[PDB]
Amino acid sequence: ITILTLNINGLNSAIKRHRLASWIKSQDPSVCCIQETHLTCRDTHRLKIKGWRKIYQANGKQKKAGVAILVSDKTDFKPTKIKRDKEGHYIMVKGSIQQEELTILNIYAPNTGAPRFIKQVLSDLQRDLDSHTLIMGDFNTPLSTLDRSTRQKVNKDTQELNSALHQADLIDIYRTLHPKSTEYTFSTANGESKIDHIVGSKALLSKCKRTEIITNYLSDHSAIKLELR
């Protein structure tokens, strides 16, 4: 299967929804984690993509944040649990694909206090984390020195997040498969950073076949795609 993460930078326009649908069809992911749909909980019906009927969403009441997990019609996904943030910053979906269990946590961290935010979500969802977990999305933080063009060491709050990840036997899959990578998923006029991530259970590393970053015209973030046995 293929799993794809993208911060879409809003889906309140028909044109954005159309171009996203075309891009998804082309990429043909089994499961797609989207951040920043900007859809209100009253507007979630607006997200429909032919070929991806099962769409699980977490949304607040304003046109900000918002996350979705889309599952391909060709994927026989059998859900077992879905947990939605009432504020629209994360959604967890658990289930199986051909008798292989998978836990996916789609996260959009705020641009201030991100590593603290992510650490708190991990704590809140501690009982549902497992040895077949993927945590993906826009963490709004580096995880290691090479995740920023500046090469600054990550701060204390980020170190604390990394320790919490380590205690859960979670690793940065991208950086594990590509240790020397100086790729990025976000930029500004003066620098670049890899703030979008695929984190997962140590036990899933054996199933992780390939991962890559995908630049695109849709958003101010590049996507990350993972192929999983």
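From 1 onward, residues are counted along the sequence shown.
Look at the mean CA B-factor for 161-169 and for 37-45 in the entry; the higher one is 37-45. Of the two stretches examined, 146-154 and 91-99, the record assigns the greater average C-alpha temperature factor to 91-99. Out of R84, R116, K81, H132, it is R116 whose C-alpha atom has the highest B-factor in the PDB entry. Within the group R175, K202, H197, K61, the record's highest C-alpha temperature factor is found at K61. Annotation for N216: C-alpha temperature factor in the lowest third relative to the rest of the modelled chain, per the entry. Sort the modelled residues of the chain by CA B factor and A189 lands in the highest third. Residue-level temperature factors show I107 in the lowest third of its chain, judged at the C-alpha atom.
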